[PDB]
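Order of the sequence lines fixes the chain letters, A, B, ..., with proteins taken first and strands second; residue numbering starts at 1 for each chain.
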Amino acid sequence: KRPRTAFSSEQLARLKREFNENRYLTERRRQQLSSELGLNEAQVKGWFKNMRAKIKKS
Amino acid sequence: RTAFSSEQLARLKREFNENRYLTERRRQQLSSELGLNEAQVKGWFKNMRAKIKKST
DNA sequence: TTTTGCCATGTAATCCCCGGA
DNA sequence: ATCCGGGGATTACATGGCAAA
């Protein structure tokens, strides 16, 4: 099982800025964003997945 | 890669005609009766629905 | 026709998407 | 983060069927 991580405030600000433009990730955009933030792609994919579900519930 | 016998395919097809989606129960029961693993029966149903959509 | 021998098609399986729990 | 249980897109590969001397 993949470890849970905590995102820094800079990572969360960049993620959210991104989610504000498009709630879905293409492959290239995921790679770029994971590389830029120093995050595993699975963590990024996961954050977007959970954020869609939180905002759908909100 | 497994190849299903004509008897298995005949039964799978008749089951598919009656209900194109398996319940857990029916998947278990079908697999037991046919001598197949549940993943193979589940995969057959998945591929059958895809194949049909891919026609129209 | 035979007897190869390649390739096209079929399909079981894999990969990855998604929402929901 | 996990897993399930859909989907679409492919991929690997067995084999049927055609090609050809």
Rounded to whole angstrom units, what separation is found between the [atom1] atom of [X] and the [atom2] atom of [N]?
X: A/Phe48; N: C/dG19; atom1: CZ; atom2: P; value: 12 Å
X: B/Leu9; N: C/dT11; atom1: CG; atom2: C1'; value: 10 Å
X: B/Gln40; N: C/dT11; atom1: CD; atom2: P; value: 16 Å
X: B/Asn47; N: D/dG6; atom1: CG; atom2: P; value: 13 Å
X: B/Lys51; N: C/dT9; atom1: NZ; atom2: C1'; value: 12 Å
X: B/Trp44; N: D/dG7; atom1: CH2; atom2: P; value: 13 Å
X: B/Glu24; N: D/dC3; atom1: CD; atom2: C1'; value: 13 Å
X: B/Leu34; N: C/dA12; atom1: CG; atom2: P; value: 13 Å

Can a side chain N or O of [X] be found less than 4.0 Å away from OP1 or OP2 on [N]?
X: B/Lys53; N: D/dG8; answer: yes
X: B/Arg49; N: D/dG7; answer: yes
X: A/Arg2; N: D/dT2; answer: no
X: B/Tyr21; N: D/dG7; answer: yes
X: A/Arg23; N: C/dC18; answer: no

Distance-only side-chain donor-acceptor flag, B/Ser31 / B/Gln40, under 3.5 Å: no

Who is the Watson-Crick or G-U wobble partner of C/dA21, with both distances under 3.5 Å?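 C/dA21 is paired with D/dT2.
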
For [N], the sugar region implied by its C1'-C2'-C3'-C4' torsion sign:
N: C/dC16; value: south
N: D/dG5; value: south
N: D/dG7; value: north
N: C/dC18; value: north

Please determine whether a side-chain nitrogen of the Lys or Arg among A/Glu21 and A/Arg17 lies less than 4.0 Å from a carboxylate oxygen of the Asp or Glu.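 Looking at A/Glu21 and A/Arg17, the cut-off is not met.
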
Using a strict 4.0 Å threshold on nitrogen-to-oxygen distance, state whether A/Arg14 and A/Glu10 make a salt bridge.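 Looking at A/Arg14 and A/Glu10, the cut-off is not met.
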
Which atom names give the shortest non-hydrogen contact between B/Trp44 and B/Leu9, and what distance separates them?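 So the two residues come closest at NE1-CD2, 3.5 Å.
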
Looking at the base of C/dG20, is there any donor atom on it, or on the side chain of A/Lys49, that sits under 3.5 Å from an acceptor on the other one?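 Side chain to base: pair found, below 3.5 Å.
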
Donor-acceptor pair present, B/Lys42 side chain and D/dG6 base, under 3.5 Å: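 There is none.
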
Could you go through the side-chain hydrogen bond (donor to acceptor under 3.5 Å, both in side chains) check for B/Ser5 and B/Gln8 one step at a time? CA-CA 5 Å; B/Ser5 63; B/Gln8 280 164 338; 3.2 Å; yes

Assert yes or no for the condition that the ring centre distance of B/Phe16 to B/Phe45 is strictly below 6.0 Å.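 Under 6.0 Å, so yes.
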
Would you kindly compare A/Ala42 and B/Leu22 by the position of their nearest DNA chain D nucleotide and give the one closer to the 5′ end?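 Upstream on the strand: A/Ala42.
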
